[PDB]
Structure formats: C-alpha cells, structure tokens
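Quick heads-up: the structure tokens below are two forms of one chain, split into structure 1 and structure 2.
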Structure 1
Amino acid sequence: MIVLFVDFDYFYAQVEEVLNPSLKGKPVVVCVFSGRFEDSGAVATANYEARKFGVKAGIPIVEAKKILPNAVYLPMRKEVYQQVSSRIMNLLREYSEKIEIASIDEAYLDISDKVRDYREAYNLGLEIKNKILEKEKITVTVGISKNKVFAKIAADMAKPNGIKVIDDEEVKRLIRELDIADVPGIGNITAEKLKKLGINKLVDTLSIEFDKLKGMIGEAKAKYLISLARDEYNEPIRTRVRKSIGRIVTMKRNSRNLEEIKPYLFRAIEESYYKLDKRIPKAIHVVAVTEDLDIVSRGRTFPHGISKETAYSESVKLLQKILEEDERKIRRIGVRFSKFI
C-alpha cells in the first residue's frame, strides 16, 4: 500500500475564517456553550493565532477568555462545518474510489491503483491540496505512507498546511525513535500504563512478554501496537457507514425528578431524529451525566425499527432504570440511536 491521509486544518475555526475573512490574522475560538451560566462550556477548536497563547480544544471557555479575553469567540455551527466537509470529501472521491472518511475532517485514500511511487504520491497530494484550496479555500495537510497509521502520523508532523511522506526507511527510524504516546489510538490512560512498563517506543513491544501487555492495556490495543512494531500493520481502507447518532442536552439545573427531566429528554430525541434522516435505528440508549460528571447509560435493542412514538415511550422506561439504579443527581440528559437498518 501507499496511503494518502488528509486532515483539514484547524477546521471548525477555518470554516469560520472562510465565511468572514476578516478573521484571518485574529485569534478565533469556536466554543461549545453548554448552558448553565455566562460562558460555560468548552473550546471546540481555535485557529493557530489562538493556540500560540494556550487556548486549545478542551480548556473551558472561561480560561480561554482569561488568556485571550479579546478574541473572536463564536458558537459552534456544526451543521455548517458538516456540509463544507462533505463538499470537500466529494472532491477527494475523484482521486480514488477506495476512500475512508474517518472523521468530519479526516480522510484516508488508498492510491495503490492511482500512482506508482512516493514521488508520484507526493505530487498527487499537492494536486489535492490545491484543488481543495481552489474550490473551497480551505488549507489541509497531507501525509503519505505505507498504511493508515503512518500516513496519519505523517500529517501529525506536517500540520498545518503541509504535505509529507514517511517512506519505508523512516518507518523503521520511527518504530525506534517515535514516542509511543504519539501513536494514533494511544491516549493518556494507555500512555501511562505503557510508561510504567518501560515502553516508550513502538519497538519496545516486541521485547516485553505479550500476555503482560494484553494484561495492562487490553488484548486489542496490544495486538495493535505489536503489528506496528513489526512493520506488519495493514488495515485496509474501507468505506465507513455511520453506526450511531445521538444528542445530549444540558439541564438548567440538576435533579432526579422525572417530570423535570422529561422535557429535555424529549427535546433531545426530537433533535436526534432530525439528524438520523431516513436512517432507522433498532437500538436506543439513554445517557445522563451525573453532577459529578460520570457517565451512566441504559439501553435496549429492538427487533425492528424504532419510531419516535416508541423512542418516546421506551426512553422514559430507560431513563427510569437509571434513576432507579443510581442515586446521584442529573445535570446532563440525552439519547443515542444505534443498529441502523
């Protein structure tokens, strides 16, 4: 394989500096306003002028404003970034039939029937970047390599607005020098567990006894890291069909009172069905986040499609099961639909 990875730059914030060009140069910060007080929520994304100062995905909208109090804070327009994204995706579908849409702003292209070497791959990349810049004035980064994992890593290294290749020789250099915590699919929890085992690089997984890896991070993530360490990782570029869709809302104030909860839940279901659009789900899950923020969720799977009426009736049953089996207060309430048809 010769994989080609695209990763739209500071995406949500770009798609904002593209419908109001006056923003370029100024720090922008797309936030998610939760709804329980002046500026409560978090930062979705922030253009690079804002990151230079500490504002990044995650930190509360309130820390953001303490750091860059005079920045352009805008609310999240997800339905809008979603379209811009698709339009771009469609642009990429021409450069190859084998495409995997990883996220709302990440796509893997398998161009192993579209080019011959990394020099051709690299040129196809630039061609792509440009096309995108031409049609939607959106810069994106490109990473090319022998599999999805190293193509992604490539882009991680080149973003923003770049292009790169980690040829067969580099891969071995990396399997040895790349901080394993920088490997796609390894976060803080698993990173720590691996640091405790002396595993700081990929190559470090071939030495540790296996079953003592399966023991600490999980059978799957273990297999994952090793195959990568053996330069034997090959996950095909497969079309991805969305598997779930949901919406959680945040209540104006905590409670365990079913009738105080009901309005928000029914409000989330509605919005949830608007999204589904033609998709019929056979499984519904009610999700609530206790005052302490842990995540409780009860579900049920049907042997047929779920009609709102059903979603309505059944979701109350579920919600109840939560209230009956958890004594904590609720602040967040929502739903989620799976097992489409």
Structure 2
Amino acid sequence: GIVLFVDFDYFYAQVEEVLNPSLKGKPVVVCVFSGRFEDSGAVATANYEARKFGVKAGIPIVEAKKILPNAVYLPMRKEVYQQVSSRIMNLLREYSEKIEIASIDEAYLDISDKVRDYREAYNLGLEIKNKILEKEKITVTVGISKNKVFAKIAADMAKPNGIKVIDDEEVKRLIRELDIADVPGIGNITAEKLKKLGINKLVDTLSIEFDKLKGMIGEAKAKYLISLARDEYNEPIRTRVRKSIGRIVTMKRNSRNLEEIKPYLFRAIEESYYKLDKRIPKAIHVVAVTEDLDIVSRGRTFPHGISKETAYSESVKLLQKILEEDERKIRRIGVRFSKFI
C-alpha cells in the first residue's frame, strides 16, 4: 500500500492571504468574535508570522491583541474556506478516486494503483503541490508512507510547505525510536498512562502483557498500538461518511432563562438542519457549554427520522432537562444530529 496524506498549511489564514495578497509576509490572525464584549472570542488560526509570537488556535482575541496589537485581525469566513477546500479536494480526486477527506483541510489518497514505488510517490506529491499552487495559490504539506498513520507522521515532520517519505526501513526505525506521544491518537492522558507502564516507544508495547496494557489504556488503543508496533496496521482508505453534524453558538451573556436561550438554540438548529443536506438523522443531542466551560449534553434517539419540526420540539425538552438536572448557567448552546438513515 502507498498512502499520500495532504494537509493545507495555516489554512484559513492562508485563504485570506490569497484573497488579499498585501497581507502576505506579516501577521494575520483569523478570529471568531463572540459579541459578549469588545474583542471577546477566540483565534481560529494564525499564520506562521503570528505563531512566532504565541498567537495560535484557541487563545483569546484579547490575549492575541496584547501580544500583536499591529496584526491583521479578520473574522472567520468558514463558508469561503469550505469552498476553497472543496475545490482542492476535487483536484485531489483527479490523482486518485480512493480519497478519504479527514477534515476541512486534509485528505488521504490511496495511490497504490497510480504509482509503483516511493520515488514515483514523491514525484506525484510534488505534482500535487504544484497543481494546488497553480489553481488555488495554496501551499500544502504532503506525507507519504505505507499506511495512514505513518503518512500522517510524515506530514507532521515536514510541515510547513513540506513533502516527506517514510519508507519501510524508516517505519521500522520509528517503531523503535519515535517518542510514543508523537503517535497519532496519543495525547497527554494516554502518554502519561503509558509512562507509568514504562512504554516510551511503540516497540515497548511488544514486551508488556496484553491485559496490563488493556487495563490501563483500554482494548481499542492497545490493539491499535500493538498493530503499529508489529508493522501490521492496515486500515484501508475509505470515502468519508459523516456520522454527526452540529452547530454550537455563543450567547451574548450567560443564562438559565429558557426564553432567553431558545433563540440561540433555534439558530443552531436552523444552521445544523441546513448542513444536513438530504441526510435524515434519527438522533438529536442538545449540547450546552456551562459558565465554567464544562460541556454537558442531553439527547434522544428515535425509531424514525427527525423532521425540522420535531428537532425544535425535542431540543426544547432536552434544554429543559439540562436546566432541571444542572444548576449552572449556560454560556454556549447548540445541537448535534446523528444516526443518519
């Protein structure tokens, strides 16, 4: 198998640089302004010039402005970015129809039938990079390896504006040498737990009793790590099938008054239901972010599909359930649809 993974560089900020070339080469910070007070909200993403000064995805806009007051601050235009993305995913389909879109800015291509070895895979990667540059003026990072996980690791090593092959021999090397926290699917919590068992590299999973690994990080993560360690991880590339679609919005001010929260909930529903595009969901969850930023939800699965009308009725009840069973004020409110027919 040969997998080619593509991830667009500083995507939203880069799209804004393409739409306004005079922004290029100086700090650009793409923001979601929440309206709670002047400059309330969070950074969605920043370009690399901005990142050098600590302005990155997830920090507050007021914190960013304290560091880079002279940066260019642009509101998030997600619809514009989705259009560029979709045009790029369609360019990627011309190189292989076996495509797994994994996010708004990344995809895995199985090119096993389009190229014969890694040398040709590398040349195709450069071809892909050059094409997206010609058509969309977007730079990307390409990772190439024998499976999805290592193609991902290869891109991570190579970003930004990179291309990198991890061949069979280097996979064997990384199984021994790569820090296990840098393996996709291993964050802070799982890494810490693995340290307590003395597992720092993938290779170390081959030494521990299966039930002890399973007991600490669970069956699925244990199977996954051992499979990578054996070099027998072989998840095929498959067409993305979206499993849930949702929208959460932020309120001008925290509240537990149902009548004040309803307008927001209902906008979340309108936007979410529009995003369904023909899909008919059987489950609905109302999702609230409380005043202390804890996430709570209540949901319901129906034996049949949920109409817009039923979504309205049922979401109000689920919001009432949250209010009755949780003391806290609500900061953000939204909805998630799943279990599509």
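Only the largest set of C-alpha atoms that superpose within 1.5 Å between the two forms is called the rigid core. When a residue number appears, read it as a position in the sequence of structure 1, where counting begins at 1.
Annotation: Cα of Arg279 displaced by at least 2 Å between structure 1 and structure 2, core superposition. Once both forms are overlaid on the rigid core, the distance between the two CA positions of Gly299 between structure 1 and structure 2 is under 2 angstroms.
Aligning the rigid core leaves the CA of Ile333 displaced by 1.0 Å between structure 1 and structure 2. Overlaying the rigid core between structure 1 and structure 2 leaves the Cα of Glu270 displaced by 1.5 angstrom. On the core-superposed pair, the CA position of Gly35 changes by 2.7 Å between structure 1 and structure 2.
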